[PDB]
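Listing of coords.csv, CSV, C-alpha atoms and all ligand atoms
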chain,number,residue,atom,x,y,z
A,1,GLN,CA,119.9,99.5,76.3
A,2,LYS,CA,123.4,98.8,77.5
A,3,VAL,CA,123.6,96.8,80.7
A,4,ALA,CA,126.3,94.9,82.7
A,5,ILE,CA,125.2,91.6,84.3
A,6,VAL,CA,127.2,90.5,87.3
A,7,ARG,CA,126.2,87.0,88.4
A,8,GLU,CA,127.6,85.8,91.6
A,9,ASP,CA,125.2,82.8,92.0
A,10,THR,CA,126.4,79.6,90.3
A,11,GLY,CA,123.0,78.0,90.3
A,12,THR,CA,121.0,76.9,87.2
A,13,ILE,CA,118.0,79.3,87.7
A,14,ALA,CA,120.5,82.2,88.2
A,15,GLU,CA,122.2,81.2,85.0
A,16,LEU,CA,118.8,81.3,83.4
A,17,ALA,CA,118.1,84.8,84.7
A,18,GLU,CA,121.3,86.0,83.2
A,19,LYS,CA,120.5,84.4,79.9
A,20,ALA,CA,117.0,85.9,79.8
A,21,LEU,CA,118.3,89.4,80.7
A,22,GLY,CA,121.1,89.2,78.2
A,23,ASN,CA,118.9,88.3,75.2
A,24,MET,CA,117.0,91.5,75.8
A,25,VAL,CA,119.9,94.0,76.4
A,26,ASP,CA,123.3,94.9,74.9
A,27,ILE,CA,125.7,93.1,77.1
A,28,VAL,CA,128.5,95.3,78.1
A,29,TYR,CA,129.9,93.0,80.6
A,30,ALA,CA,128.8,89.6,81.8
A,31,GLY,CA,130.5,87.9,84.7
A,32,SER,CA,131.1,87.7,88.4
A,33,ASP,CA,133.2,90.9,89.1
A,34,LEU,CA,131.3,94.0,90.2
A,35,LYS,CA,134.4,96.2,89.9
A,36,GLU,CA,134.9,95.2,86.3
A,37,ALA,CA,131.2,95.6,85.5
A,38,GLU,CA,131.4,99.1,87.0
A,39,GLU,CA,134.3,99.7,84.7
A,40,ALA,CA,132.6,98.6,81.5
A,41,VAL,CA,129.6,100.8,82.6
A,42,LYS,CA,131.6,104.0,83.2
A,43,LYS,CA,133.5,103.4,80.0
A,44,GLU,CA,130.5,102.7,78.0
A,45,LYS,CA,128.4,105.3,79.7
A,46,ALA,CA,125.8,102.5,80.2
A,47,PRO,CA,122.9,103.2,82.6
A,48,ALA,CA,122.8,100.0,84.8
A,49,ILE,CA,124.4,97.0,86.3
A,50,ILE,CA,122.0,94.1,87.2
A,51,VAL,CA,123.4,91.9,90.0
A,52,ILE,CA,122.3,88.3,90.5
A,53,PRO,CA,123.7,87.8,94.0
A,54,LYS,CA,124.8,84.6,95.6
A,55,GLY,CA,121.6,83.0,97.2
A,56,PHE,CA,119.3,83.7,94.3
A,57,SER,CA,118.8,80.2,93.1
A,58,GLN,CA,118.4,78.8,96.6
A,59,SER,CA,115.8,81.4,97.5
A,60,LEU,CA,113.6,80.4,94.6
A,61,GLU,CA,114.1,76.7,95.4
A,62,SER,CA,113.0,77.5,99.0
A,63,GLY,CA,109.8,79.4,97.9
A,64,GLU,CA,111.4,82.7,98.8
A,65,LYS,CA,111.6,85.8,96.7
A,66,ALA,CA,115.1,86.1,95.1
A,67,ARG,CA,117.0,89.3,95.5
A,68,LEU,CA,117.9,91.2,92.3
A,69,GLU,CA,119.9,94.5,92.5
A,70,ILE,CA,120.1,97.2,90.0
A,71,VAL,CA,122.9,99.9,90.3
A,72,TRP,CA,122.0,102.8,88.1
A,73,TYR,CA,124.4,105.3,86.7
A,74,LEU,CA,122.7,108.6,86.0
A,75,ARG,CA,124.8,111.2,84.4
A,76,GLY,CA,121.9,113.5,83.8
A,77,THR,CA,118.2,113.9,84.5
A,78,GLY,CA,116.7,113.9,81.0
A,79,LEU,CA,114.9,112.1,78.4
A,80,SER,CA,117.6,109.4,77.7
A,81,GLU,CA,117.9,108.5,81.3
A,82,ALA,CA,114.1,108.3,81.7
A,83,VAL,CA,114.0,106.0,78.6
A,84,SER,CA,116.6,103.7,80.2
A,85,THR,CA,114.9,103.6,83.5
A,86,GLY,CA,111.5,102.8,82.0
A,87,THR,CA,112.9,100.3,79.5
A,88,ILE,CA,115.1,98.3,82.0
A,89,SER,CA,112.1,98.2,84.4
A,90,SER,CA,110.0,96.8,81.7
A,91,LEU,CA,112.8,94.2,81.1
A,92,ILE,CA,112.8,93.1,84.8
A,93,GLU,CA,109.0,92.5,84.5
A,94,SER,CA,109.6,90.4,81.5
A,95,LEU,CA,112.2,88.4,83.3
A,96,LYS,CA,109.7,87.4,85.9
A,97,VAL,CA,107.5,86.0,83.1
A,98,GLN,CA,110.6,84.1,81.7
A,99,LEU,CA,111.2,82.4,85.1
A,100,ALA,CA,107.7,81.2,85.6
A,101,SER,CA,107.9,77.6,84.2
A,102,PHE,CA,110.6,76.9,86.7
A,103,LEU,CA,108.3,77.8,89.6
A,104,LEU,CA,105.6,75.3,88.6
A,105,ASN,CA,107.5,72.5,90.4
A,106,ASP,CA,106.7,72.9,94.2
A,107,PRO,CA,103.7,74.3,96.1
A,108,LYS,CA,106.4,76.2,98.0
A,109,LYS,CA,107.0,78.2,94.8
A,110,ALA,CA,103.4,79.1,93.8
A,111,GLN,CA,103.4,82.7,95.3
A,112,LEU,CA,106.6,83.4,93.5
A,113,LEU,CA,104.7,83.0,90.3
A,114,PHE,CA,103.3,86.5,90.6
A,115,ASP,CA,106.1,88.0,92.6
A,116,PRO,CA,109.3,86.1,92.3
A,117,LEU,CA,111.8,88.9,92.7
A,118,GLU,CA,112.8,91.3,95.4
A,119,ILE,CA,114.2,94.3,93.4
A,120,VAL,CA,116.8,96.4,95.3
A,121,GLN,CA,117.9,99.6,93.5
A,122,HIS,CA,120.9,101.9,93.9
A,123,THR,CA,121.5,105.2,92.1
A,124,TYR,CA,124.5,107.1,91.1
A,125,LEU,CA,123.7,110.7,90.2
A,126,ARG,CA,126.6,112.7,89.0
A,127,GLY,CA,128.9,110.3,90.9
A,128,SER,CA,126.9,110.6,94.2
A,129,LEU,CA,125.8,107.2,95.3
A,130,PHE,CA,122.4,106.8,96.8
A,131,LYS,CA,122.2,103.3,98.2
A,132,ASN,CA,118.8,101.7,98.2
A,133,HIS,CA,117.1,104.3,96.2
A,134,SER,CA,115.7,104.1,92.7
A,135,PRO,CA,116.1,106.9,90.2
A,136,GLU,CA,112.4,107.8,90.6
A,137,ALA,CA,112.9,108.2,94.3
A,138,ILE,CA,116.0,110.3,93.9
A,139,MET,CA,114.4,112.4,91.2
A,140,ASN,CA,111.1,112.8,93.3
A,141,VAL,CA,113.2,114.1,96.2
A,142,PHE,CA,115.1,116.7,94.3
A,143,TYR,CA,112.1,117.9,92.3
A,144,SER,CA,109.9,118.0,95.5
A,145,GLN,CA,111.3,121.5,96.1
B,1,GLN,CA,97.3,89.9,76.0
B,2,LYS,CA,93.7,90.9,75.8
B,3,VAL,CA,92.9,94.2,77.5
B,4,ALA,CA,89.9,96.6,77.6
B,5,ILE,CA,90.9,100.3,77.6
B,6,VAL,CA,88.3,102.6,79.2
B,7,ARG,CA,89.2,106.3,78.6
B,8,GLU,CA,87.2,108.8,80.5
B,9,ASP,CA,89.5,111.7,79.9
B,10,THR,CA,89.0,113.6,76.6
B,11,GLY,CA,92.4,115.3,76.6
B,12,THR,CA,95.1,114.8,74.0
B,13,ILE,CA,97.7,113.2,76.2
B,14,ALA,CA,95.0,110.8,77.5
B,15,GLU,CA,94.2,109.9,73.8
B,16,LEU,CA,97.9,109.3,73.4
B,17,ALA,CA,98.1,106.9,76.3
B,18,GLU,CA,95.2,105.0,74.9
B,19,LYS,CA,96.9,104.7,71.5
B,20,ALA,CA,100.2,103.7,73.0
B,21,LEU,CA,98.5,100.9,75.1
B,22,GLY,CA,96.4,99.7,72.3
B,23,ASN,CA,99.3,99.2,69.9
B,24,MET,CA,100.7,96.8,72.4
B,25,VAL,CA,97.7,94.7,73.3
B,26,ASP,CA,94.7,93.0,71.8
B,27,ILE,CA,91.9,95.5,72.2
B,28,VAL,CA,88.8,93.9,73.4
B,29,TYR,CA,87.0,97.1,74.1
B,30,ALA,CA,88.0,100.6,73.7
B,31,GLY,CA,85.9,103.4,74.9
B,32,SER,CA,84.4,105.3,77.9
B,33,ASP,CA,82.0,102.8,79.5
B,34,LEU,CA,83.3,100.7,82.3
B,35,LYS,CA,80.3,98.4,82.5
B,36,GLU,CA,80.7,97.6,78.8
B,37,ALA,CA,84.5,97.0,79.2
B,38,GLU,CA,83.7,94.7,82.1
B,39,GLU,CA,81.4,92.9,79.8
B,40,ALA,CA,83.9,92.4,77.0
B,41,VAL,CA,86.4,91.2,79.6
B,42,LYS,CA,84.1,88.6,81.2
B,43,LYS,CA,83.0,87.5,77.8
B,44,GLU,CA,86.5,87.3,76.5
B,45,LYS,CA,87.9,86.0,79.7
B,46,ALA,CA,90.5,88.8,79.3
B,47,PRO,CA,92.7,89.5,82.3
B,48,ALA,CA,92.5,93.4,82.7
B,49,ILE,CA,90.8,96.7,82.1
B,50,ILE,CA,93.1,99.7,82.0
B,51,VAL,CA,91.2,102.9,83.0
B,52,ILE,CA,92.4,106.4,81.9
B,53,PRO,CA,90.3,108.5,84.3
B,54,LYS,CA,89.0,112.0,83.9
B,55,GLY,CA,91.8,114.3,85.2
B,56,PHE,CA,94.7,112.4,83.6
B,57,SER,CA,95.7,115.0,81.0
B,58,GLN,CA,95.4,117.9,83.4
B,59,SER,CA,97.5,116.2,86.1
B,60,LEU,CA,100.3,115.8,83.6
B,61,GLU,CA,100.0,119.4,82.4
B,62,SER,CA,100.1,120.5,86.1
B,63,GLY,CA,103.3,118.5,86.8
B,64,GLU,CA,101.4,116.0,88.7
B,65,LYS,CA,101.4,112.2,88.4
B,66,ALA,CA,98.4,111.0,86.5
B,67,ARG,CA,96.3,108.2,87.9
B,68,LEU,CA,96.0,105.0,85.9
B,69,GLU,CA,93.9,102.1,87.2
B,70,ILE,CA,94.1,98.5,86.3
B,71,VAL,CA,91.2,96.1,87.2
B,72,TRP,CA,92.4,92.6,87.1
B,73,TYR,CA,90.2,89.6,86.5
B,74,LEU,CA,91.8,86.5,87.9
B,75,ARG,CA,90.0,83.3,87.4
B,76,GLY,CA,92.8,81.2,88.6
B,77,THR,CA,96.2,81.5,90.3
B,78,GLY,CA,98.4,79.9,87.7
B,79,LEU,CA,101.0,80.2,85.0
B,80,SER,CA,98.7,82.0,82.5
B,81,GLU,CA,97.6,84.6,85.0
B,82,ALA,CA,101.2,85.2,86.1
B,83,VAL,CA,102.1,85.7,82.5
B,84,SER,CA,99.4,88.3,82.0
B,85,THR,CA,100.3,90.1,85.2
B,86,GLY,CA,104.0,90.3,84.3
B,87,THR,CA,103.3,91.1,80.7
B,88,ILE,CA,100.8,93.9,81.3
B,89,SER,CA,103.1,95.4,84.0
B,90,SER,CA,105.8,95.4,81.5
B,91,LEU,CA,103.5,97.3,79.1
B,92,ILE,CA,102.7,100.0,81.7
B,93,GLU,CA,106.5,100.6,82.0
B,94,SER,CA,106.7,100.9,78.3
B,95,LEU,CA,103.9,103.5,78.2
B,96,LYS,CA,105.8,105.7,80.6
B,97,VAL,CA,108.6,105.8,78.1
B,98,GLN,CA,106.1,106.5,75.2
B,99,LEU,CA,104.8,109.6,77.1
B,100,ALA,CA,108.2,111.1,77.8
B,101,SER,CA,108.5,113.6,74.9
B,102,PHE,CA,105.3,115.2,76.0
B,103,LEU,CA,106.8,115.9,79.3
B,104,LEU,CA,109.8,117.8,77.9
B,105,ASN,CA,107.8,121.0,77.7
B,106,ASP,CA,107.6,122.6,81.3
B,107,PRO,CA,110.0,122.4,84.2
B,108,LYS,CA,106.8,121.6,86.1
B,109,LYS,CA,106.9,118.3,84.2
B,110,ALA,CA,110.5,117.2,84.7
B,111,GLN,CA,110.0,114.8,87.7
B,112,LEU,CA,107.3,113.1,85.7
B,113,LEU,CA,109.9,112.0,83.3
B,114,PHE,CA,110.9,109.2,85.5
B,115,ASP,CA,107.7,108.7,87.3
B,116,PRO,CA,104.7,110.0,85.5
B,117,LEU,CA,102.1,107.6,86.6
B,118,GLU,CA,100.3,106.7,89.8
B,119,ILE,CA,99.2,103.1,89.2
B,120,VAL,CA,96.1,102.0,91.2
B,121,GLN,CA,95.3,98.3,91.0
B,122,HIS,CA,92.1,96.3,91.7
B,123,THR,CA,91.8,92.5,91.7
B,124,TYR,CA,89.0,90.1,91.0
B,125,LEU,CA,89.8,86.7,92.3
B,126,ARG,CA,87.0,84.1,91.6
B,127,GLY,CA,84.5,87.0,91.5
B,128,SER,CA,85.7,88.4,94.8
B,129,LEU,CA,86.7,92.1,94.3
B,130,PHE,CA,89.7,93.3,96.2
B,131,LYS,CA,89.8,97.1,95.7
B,132,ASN,CA,93.2,98.7,95.8
B,133,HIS,CA,95.1,95.5,95.7
B,134,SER,CA,97.3,94.1,93.0
B,135,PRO,CA,97.4,90.4,92.2
B,136,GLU,CA,100.8,90.1,93.8
B,137,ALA,CA,99.4,91.5,97.0
B,138,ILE,CA,96.3,89.2,96.9
B,139,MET,CA,98.5,86.2,96.1
B,140,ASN,CA,101.1,87.0,98.8
B,141,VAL,CA,98.3,87.3,101.4
B,142,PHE,CA,96.7,83.9,100.6
B,143,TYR,CA,100.0,82.1,100.2
B,144,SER,CA,101.4,83.7,103.4
B,145,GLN,CA,99.7,80.9,105.3
A,201,CA,CA,126.0,75.3,85.1
A,202,CA,CA,111.2,101.5,87.7
A,203,CA,CA,90.9,114.9,70.3
A,204,CA,CA,103.0,94.2,88.6
For the structure just supplied, provide its representation as structure tokens.
Ligand SMILES: [Ca+2]
Ligand SMILES: [Ca+2]
Ligand SMILES: [Ca+2]
Ligand SMILES: [Ca+2]
Amino acid sequence: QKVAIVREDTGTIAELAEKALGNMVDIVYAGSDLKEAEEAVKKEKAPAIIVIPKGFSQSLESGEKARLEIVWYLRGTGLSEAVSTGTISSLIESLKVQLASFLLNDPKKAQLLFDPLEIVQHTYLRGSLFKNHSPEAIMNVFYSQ
Amino acid sequence: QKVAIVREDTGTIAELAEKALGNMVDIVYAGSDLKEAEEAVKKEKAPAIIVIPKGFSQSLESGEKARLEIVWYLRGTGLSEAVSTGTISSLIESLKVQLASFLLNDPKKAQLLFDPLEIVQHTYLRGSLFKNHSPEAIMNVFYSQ
């Protein structure tokens, strides 16, 4: 799967999230500019940008779920898109596992073991932007007729 | 990861779910008896039983989300348990992908592409049973103090 990673957080554990994600995907853009990640994605017809926002590292150091956003670019509602959705979701689960050793430090951090991330999802369908919705949600709406 | 699969549904797509799961785990018991899967799990100190209940195949043929249950056996609230949780979750995502071709048949089935499964989770913590809760939920409760 082709993914852009946009890392806005300069902290070590953020860097580590980026690294973990990037070993599991086909990096199409890796950096701090969301406009440019959007451009690599539209060019590449890649399905998602994963954003590691500013505050990610600090949350985790505070014993707070870190925010991770996925912007999805759906250009169709078929098999390939379903495969990307499921595959990238699977990759986010795996990232949680690849963060765990870093959460062993404080007691503050111990919840985070099982549930370290707060995943926010946005969906482009045919160039319509549905903020704060996952593709499942968007698809369940439309197909609920 | 060590998992028991308990398949109560005799349909083809159920069989296929079992097969997909089983190629990705270390089968500890595979069959239709939940008491016996519970016994292989407690013996093996495995973390989960995945149940494919009766009605799974029919749901999917009807264009309805199929029910999949996970019973988790937590004997601790640490790294290993967090790794199982995240890993098995990742495996459930992957199963969704491995079902997809079978959902290409009807228009009834087209939603299911993105969201084919209704995942019900139960958690044993130290021999206390918390029906209808995931380990994340149980852990977020206790650590919310
Ligand atoms: Ca650095
Ligand atoms: Ca998902
Ligand atoms: Ca058969
Ligand atoms: Ca989970």
Exercise: residue 5 of chain B partners within 10 Å, all atoms listed in the file, chain neighbours under 3 positions left out, as a ChimeraX atom specification: /B:2,8,17-19,21-22,25,27-34,37,48-52,70
Distance-based interface of chain A with chain B, 12 Å, counting all atoms listed in the file, as a PyMOL selection string: chain A and resi 63-65+74+76-105+107-117+134-145
Fitted chain A, least squares over ordered Cα pairs with chain B, as an mmCIF file with C-alpha atoms, in the coordinates of the input:
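Ended up saving to superposed_39.cif:
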data_model
loop_
_atom_site.group_PDB
_atom_site.id
_atom_site.type_symbol
_atom_site.label_atom_id
_atom_site.label_comp_id
_atom_site.auth_asym_id
_atom_site.auth_seq_id
_atom_site.Cartn_x
_atom_site.Cartn_y
_atom_site.Cartn_z
ATOM 1 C CA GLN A 1 97.350 89.887 75.971
ATOM 2 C CA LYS A 2 93.717 90.865 75.825
ATOM 3 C CA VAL A 3 92.899 94.150 77.505
ATOM 4 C CA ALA A 4 89.929 96.613 77.639
ATOM 5 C CA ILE A 5 90.827 100.335 77.643
ATOM 6 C CA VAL A 6 88.254 102.627 79.171
ATOM 7 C CA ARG A 7 89.183 106.275 78.633
ATOM 8 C CA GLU A 8 87.152 108.789 80.421
ATOM 9 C CA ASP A 9 89.573 111.746 79.863
ATOM 10 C CA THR A 10 89.002 113.639 76.598
ATOM 11 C CA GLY A 11 92.400 115.243 76.615
ATOM 12 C CA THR A 12 95.132 114.821 73.936
ATOM 13 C CA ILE A 13 97.779 113.154 76.222
ATOM 14 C CA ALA A 14 95.057 110.714 77.466
ATOM 15 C CA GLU A 15 94.216 109.930 73.888
ATOM 16 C CA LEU A 16 97.882 109.275 73.381
ATOM 17 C CA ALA A 17 98.043 106.895 76.338
ATOM 18 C CA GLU A 18 95.213 104.925 74.909
ATOM 19 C CA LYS A 19 96.858 104.768 71.539
ATOM 20 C CA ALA A 20 100.186 103.626 72.999
ATOM 21 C CA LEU A 21 98.499 100.930 75.152
ATOM 22 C CA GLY A 22 96.377 99.720 72.295
ATOM 23 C CA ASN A 23 99.267 99.184 69.844
ATOM 24 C CA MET A 24 100.774 96.800 72.345
ATOM 25 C CA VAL A 25 97.666 94.733 73.387
ATOM 26 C CA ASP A 26 94.661 93.012 71.766
ATOM 27 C CA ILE A 27 91.929 95.502 72.186
ATOM 28 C CA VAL A 28 88.843 93.897 73.443
ATOM 29 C CA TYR A 29 87.043 97.030 74.107
ATOM 30 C CA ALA A 30 88.040 100.646 73.725
ATOM 31 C CA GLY A 31 85.818 103.431 74.948
ATOM 32 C CA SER A 32 84.385 105.364 77.829
ATOM 33 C CA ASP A 33 81.987 102.784 79.481
ATOM 34 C CA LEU A 34 83.383 100.730 82.355
ATOM 35 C CA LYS A 35 80.309 98.475 82.446
ATOM 36 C CA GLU A 36 80.725 97.571 78.811
ATOM 37 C CA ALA A 37 84.478 97.060 79.194
ATOM 38 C CA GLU A 38 83.718 94.723 82.109
ATOM 39 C CA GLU A 39 81.404 92.906 79.785
ATOM 40 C CA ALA A 40 83.868 92.417 76.952
ATOM 41 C CA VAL A 41 86.387 91.215 79.646
ATOM 42 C CA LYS A 42 84.109 88.593 81.237
ATOM 43 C CA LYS A 43 83.049 87.447 77.806
ATOM 44 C CA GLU A 44 86.470 87.271 76.481
ATOM 45 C CA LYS A 45 87.951 85.957 79.665
ATOM 46 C CA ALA A 46 90.530 88.801 79.335
ATOM 47 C CA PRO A 47 92.741 89.532 82.374
ATOM 48 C CA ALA A 48 92.522 93.397 82.699
ATOM 49 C CA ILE A 49 90.804 96.644 82.135
ATOM 50 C CA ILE A 50 93.102 99.757 82.046
ATOM 51 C CA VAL A 51 91.225 102.949 83.012
ATOM 52 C CA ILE A 52 92.398 106.399 81.944
ATOM 53 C CA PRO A 53 90.254 108.447 84.324
ATOM 54 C CA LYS A 54 89.010 111.947 83.863
ATOM 55 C CA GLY A 55 91.841 114.315 85.182
ATOM 56 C CA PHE A 56 94.706 112.439 83.615
ATOM 57 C CA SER A 57 95.687 114.940 81.022
ATOM 58 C CA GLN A 58 95.345 117.884 83.386
ATOM 59 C CA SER A 59 97.498 116.212 86.013
ATOM 60 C CA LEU A 60 100.371 115.812 83.597
ATOM 61 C CA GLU A 61 99.927 119.397 82.360
ATOM 62 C CA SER A 62 100.105 120.513 86.038
ATOM 63 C CA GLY A 63 103.350 118.518 86.780
ATOM 64 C CA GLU A 64 101.384 115.978 88.766
ATOM 65 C CA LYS A 65 101.489 112.243 88.453
ATOM 66 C CA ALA A 66 98.447 110.991 86.434
ATOM 67 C CA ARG A 67 96.313 108.277 87.879
ATOM 68 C CA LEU A 68 96.069 105.012 85.894
ATOM 69 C CA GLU A 69 93.878 102.108 87.197
ATOM 70 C CA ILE A 70 94.101 98.528 86.353
ATOM 71 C CA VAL A 71 91.148 96.147 87.262
ATOM 72 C CA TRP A 72 92.356 92.605 87.025
ATOM 73 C CA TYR A 73 90.199 89.598 86.498
ATOM 74 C CA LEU A 74 91.809 86.484 87.906
ATOM 75 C CA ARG A 75 89.984 83.311 87.329
ATOM 76 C CA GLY A 76 92.797 81.191 88.616
ATOM 77 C CA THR A 77 96.199 81.409 90.263
ATOM 78 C CA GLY A 78 98.472 79.803 87.664
ATOM 79 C CA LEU A 79 100.936 80.222 85.020
ATOM 80 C CA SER A 80 98.646 82.072 82.490
ATOM 81 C CA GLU A 81 97.570 84.585 85.017
ATOM 82 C CA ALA A 82 101.177 85.186 86.144
ATOM 83 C CA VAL A 83 102.139 85.695 82.439
ATOM 84 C CA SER A 84 99.384 88.318 82.065
ATOM 85 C CA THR A 85 100.270 90.110 85.194
ATOM 86 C CA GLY A 86 103.969 90.289 84.336
ATOM 87 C CA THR A 87 103.347 91.171 80.689
ATOM 88 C CA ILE A 88 100.752 93.993 81.312
ATOM 89 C CA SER A 89 103.110 95.429 83.987
ATOM 90 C CA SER A 90 105.864 95.469 81.522
ATOM 91 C CA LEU A 91 103.447 97.274 79.102
ATOM 92 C CA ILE A 92 102.651 100.029 81.686
ATOM 93 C CA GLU A 93 106.446 100.639 82.029
ATOM 94 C CA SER A 94 106.693 100.979 78.342
ATOM 95 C CA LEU A 95 103.873 103.437 78.282
ATOM 96 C CA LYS A 96 105.754 105.724 80.572
ATOM 97 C CA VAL A 97 108.629 105.722 78.046
ATOM 98 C CA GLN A 98 106.064 106.510 75.221
ATOM 99 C CA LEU A 99 104.793 109.605 77.122
ATOM 100 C CA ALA A 100 108.147 111.109 77.778
ATOM 101 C CA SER A 101 108.502 113.558 74.805
ATOM 102 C CA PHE A 102 105.341 115.216 75.942
ATOM 103 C CA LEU A 103 106.841 115.979 79.359
ATOM 104 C CA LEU A 104 109.849 117.840 77.934
ATOM 105 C CA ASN A 105 107.757 121.039 77.649
ATOM 106 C CA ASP A 106 107.622 122.583 81.232
ATOM 107 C CA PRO A 107 110.004 122.467 84.213
ATOM 108 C CA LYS A 108 106.824 121.566 86.105
ATOM 109 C CA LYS A 109 106.865 118.232 84.239
ATOM 110 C CA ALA A 110 110.536 117.183 84.673
ATOM 111 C CA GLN A 111 109.964 114.770 87.684
ATOM 112 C CA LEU A 112 107.236 113.090 85.759
ATOM 113 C CA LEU A 113 109.851 112.003 83.312
ATOM 114 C CA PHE A 114 110.924 109.182 85.590
ATOM 115 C CA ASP A 115 107.648 108.672 87.349
ATOM 116 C CA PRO A 116 104.729 109.988 85.428
ATOM 117 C CA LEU A 117 102.037 107.586 86.540
ATOM 118 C CA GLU A 118 100.289 106.741 89.746
ATOM 119 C CA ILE A 119 99.212 103.068 89.189
ATOM 120 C CA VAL A 120 96.116 101.999 91.202
ATOM 121 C CA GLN A 121 95.272 98.267 90.981
ATOM 122 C CA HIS A 122 92.125 96.271 91.733
ATOM 123 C CA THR A 123 91.760 92.483 91.677
ATOM 124 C CA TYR A 124 88.965 90.156 91.056
ATOM 125 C CA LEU A 125 89.729 86.629 92.231
ATOM 126 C CA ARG A 126 87.072 84.124 91.513
ATOM 127 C CA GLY A 127 84.544 86.999 91.413
ATOM 128 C CA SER A 128 85.697 88.460 94.806
ATOM 129 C CA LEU A 129 86.717 92.027 94.341
ATOM 130 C CA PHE A 130 89.691 93.312 96.204
ATOM 131 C CA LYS A 131 89.774 97.057 95.733
ATOM 132 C CA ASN A 132 93.172 98.661 95.750
ATOM 133 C CA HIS A 133 95.129 95.526 95.723
ATOM 134 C CA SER A 134 97.316 94.089 93.003
ATOM 135 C CA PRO A 135 97.339 90.409 92.161
ATOM 136 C CA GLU A 136 100.781 90.045 93.799
ATOM 137 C CA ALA A 137 99.407 91.460 96.994
ATOM 138 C CA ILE A 138 96.363 89.244 96.952
ATOM 139 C CA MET A 139 98.416 86.201 96.069
ATOM 140 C CA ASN A 140 101.104 87.073 98.803
ATOM 141 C CA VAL A 141 98.309 87.217 101.387
ATOM 142 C CA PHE A 142 96.749 83.911 100.604
ATOM 143 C CA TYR A 143 100.053 82.078 100.201
ATOM 144 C CA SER A 144 101.435 83.678 103.460
ATOM 145 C CA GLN A 145 99.721 80.830 105.336
#
Separation of atom CA of residue 10 of chain A from atom CA of residue 62 of chain A, in Å and rounded to one decimal: 16.1 Å
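When all atoms listed in the file are used to measure the gap to residue 73 of chain A, the shortest distance among A:38, A:61, A:124, A:132 belongs to A:124.
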Residues of chain A at most 12 Å from ligand CA 201 (chain A): nearest atom pair and distance in Å, only C-alpha atoms and all ligand atoms, as a Markdown table:
| residue | atom | partner | partner_atom | distance |
| --- | --- | --- | --- | --- |
| A:9 | CA | A:CA201 | CA | 10.2 |
| A:10 | CA | A:CA201 | CA | 6.8 |
| A:11 | CA | A:CA201 | CA | 6.6 |
| A:12 | CA | A:CA201 | CA | 5.7 |
| A:13 | CA | A:CA201 | CA | 9.3 |
| A:14 | CA | A:CA201 | CA | 9.4 |
| A:15 | CA | A:CA201 | CA | 7.0 |
| A:16 | CA | A:CA201 | CA | 9.5 |
| A:18 | CA | A:CA201 | CA | 11.8 |
| A:19 | CA | A:CA201 | CA | 11.8 |
| A:57 | CA | A:CA201 | CA | 11.8 |
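Atom CA of residue 119 of chain A lies 18.0 Å from atom CA of residue 24 of chain A.
Atom pair atom CA of residue 75 of chain B / atom CA of residue 47 of chain B has a distance of 8.5 Å (rounded to one decimal).
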Coordinates of segment 62-70 of chain B, N, CA, C and O atoms, as a compact mmCIF listing (two decimals), in the first residue's frame:
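decode-v1.txt, freshly written:
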# COMPACT_ATOMS: atom_id res chain seq x y z
N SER B 62 -26.92 -12.41 3.01
CA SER B 62 -28.05 -11.49 3.12
C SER B 62 -27.64 -10.03 2.96
O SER B 62 -28.48 -9.16 2.81
N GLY B 63 -26.35 -9.75 2.99
CA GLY B 63 -25.88 -8.36 2.91
C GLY B 63 -25.90 -7.72 4.28
O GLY B 63 -26.06 -6.50 4.44
N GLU B 64 -25.68 -8.57 5.27
CA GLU B 64 -25.67 -8.17 6.64
C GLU B 64 -24.29 -8.50 7.29
O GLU B 64 -23.68 -9.53 7.01
N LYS B 65 -23.81 -7.59 8.12
CA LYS B 65 -22.59 -7.82 8.88
C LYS B 65 -22.72 -9.15 9.62
O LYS B 65 -23.76 -9.43 10.19
N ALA B 66 -21.65 -9.96 9.57
CA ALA B 66 -21.63 -11.21 10.29
C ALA B 66 -21.00 -10.92 11.64
O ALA B 66 -20.11 -10.07 11.76
N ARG B 67 -21.46 -11.66 12.63
CA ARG B 67 -21.00 -11.54 14.00
C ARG B 67 -19.77 -12.40 14.20
O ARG B 67 -19.71 -13.55 13.79
N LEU B 68 -18.76 -11.80 14.76
CA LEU B 68 -17.56 -12.53 15.15
C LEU B 68 -17.24 -12.19 16.62
O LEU B 68 -17.13 -11.01 16.97
N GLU B 69 -17.12 -13.21 17.48
CA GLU B 69 -16.77 -12.94 18.88
C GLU B 69 -15.37 -13.38 19.20
O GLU B 69 -14.83 -14.36 18.66
N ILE B 70 -14.76 -12.56 20.05
CA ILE B 70 -13.45 -12.84 20.65
C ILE B 70 -13.63 -12.87 22.13
O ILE B 70 -14.18 -11.93 22.69
